[PDB]
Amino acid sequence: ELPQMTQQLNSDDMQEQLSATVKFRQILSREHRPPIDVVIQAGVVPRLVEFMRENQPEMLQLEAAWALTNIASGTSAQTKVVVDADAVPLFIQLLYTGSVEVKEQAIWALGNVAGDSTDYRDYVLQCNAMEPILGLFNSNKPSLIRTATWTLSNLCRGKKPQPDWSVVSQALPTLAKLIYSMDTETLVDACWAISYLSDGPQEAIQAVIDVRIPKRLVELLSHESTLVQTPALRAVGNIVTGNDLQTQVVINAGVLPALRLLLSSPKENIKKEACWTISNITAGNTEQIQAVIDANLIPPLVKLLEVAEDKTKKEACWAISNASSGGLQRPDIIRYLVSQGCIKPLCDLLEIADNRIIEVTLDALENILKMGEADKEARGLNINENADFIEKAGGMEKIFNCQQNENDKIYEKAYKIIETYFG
């Protein structure tokens, strides 16, 4: 029944042009094995693209756009056909004109197009789509806001290369409101969009902070759905790659207790991201290392260092080692780490097969030794207490073996540790 339909679509009669477009849209909607390939190869896309112009019925525009959208939401190559037919500008101009059914189709289309690659994403933006899309978040129609938010997040996605910041950043004010939505899918997608926007340079982070997002994100770290937790946690973590002032805004918003909650998530990857996130706060100044300790985060962090999956342990080791930095100017910190039992797990981690981490681990152990030494020299004892803890945990042997590591810096720090504290 198909070469016939191709001819009924080419009829100059408006009455039949519709009937045909309607039959195309229907077969293109079959849930099972849609005929997107066959319909494309019958040559009719550029004809459907014409049916979406200003100079066409409201009911024909709809059906042509819905048919095309079913095409554009298939495979990367079937999306490509629709883009190559110059369909995007008319999808975009239908966001202004069309009714609400129509707006929902075009916004979905542009979402699928924007999601195919960083090229198509940039291209949608170049076609000045941002402006109309934002115009949709007045509609107060739940399903259209939901869709507009999905698309919007795809416009923000991708780091290599970033999208054009001066355009996508105009969406911050709208997102800031959207993370207050009671529609789970909206909320989720708004959080993704923020996680992408916040993933960038200090200018981008500050934009996120200035619209007041971070208060709400911190609230969302305790949402019932891990679908919300994950991207929210990520945005917050990106914010704390920033400077001390930026990091301080998130702590001030209450992130440390939320992080406590997340260090006992059932999902391993939430725990891994929380460890990472805390590690970039213990990378911060001396007040912030103390805030981490005061929020009772060290003990679960230590427990993850002993028993968690490898990727999670590495992140926890960063969190604990970065914290020992500040032990040279506040020795209570190191004392508390030691006393929470972090020596045996740090030691046992030295045999991980990752030179990045072995190095961090030895920096943590050196800092513990340096403070264990300045402890006994300050009050005239004949023993480094921490040196003996490391020894009794089989960590001297383990540090010793690090001299046989190919990286010169590892060997050098390890050599230095055995001489200075095990001579």
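Position 1 is the first residue in the sequence shown; the rest follow in order.
**Q** Highest mean C-alpha temperature factor of the two stretches 89-97 and 231-239, which is it?
**A** Taking the mean B-factor of the alpha carbons in each, 89-97 is higher.
**Q** Going by the B-factors listed in the PDB entry, is the mean over the C-alpha atoms higher for 98-106 or for 312-320?
**A** Per the PDB record, 98-106.
**Q** Divide the modelled residues of the chain into thirds by Cα B-factor and specify which third, lowest, middle or highest, holds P257.
**A** Its C-alpha B-factor belongs to the lowest third of this chain's values.
**Q** Would the CA B-factor of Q340 place it in the lowest, middle or highest third of its chain?
**A** Middle third, going by the recorded CA B-factors of the chain.
**Q** For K272, return the chain-relative third of its C-alpha B-factor as stated in the PDB record: lowest, middle or highest.
**A** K272: CA B-factor falls in the lowest third of its chain.
**Q** Which third, lowest, middle or highest, does the C-alpha temperature factor of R330 belong to within its own chain?
**A** For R330, the deposited C-alpha B-factor lands in the highest third.
**Q** Splitting the chain's C-alpha B-factors into thirds, which one does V113 fall into?
**A** It belongs to the lowest third of the chain when residues are ordered by C-alpha B-factor.
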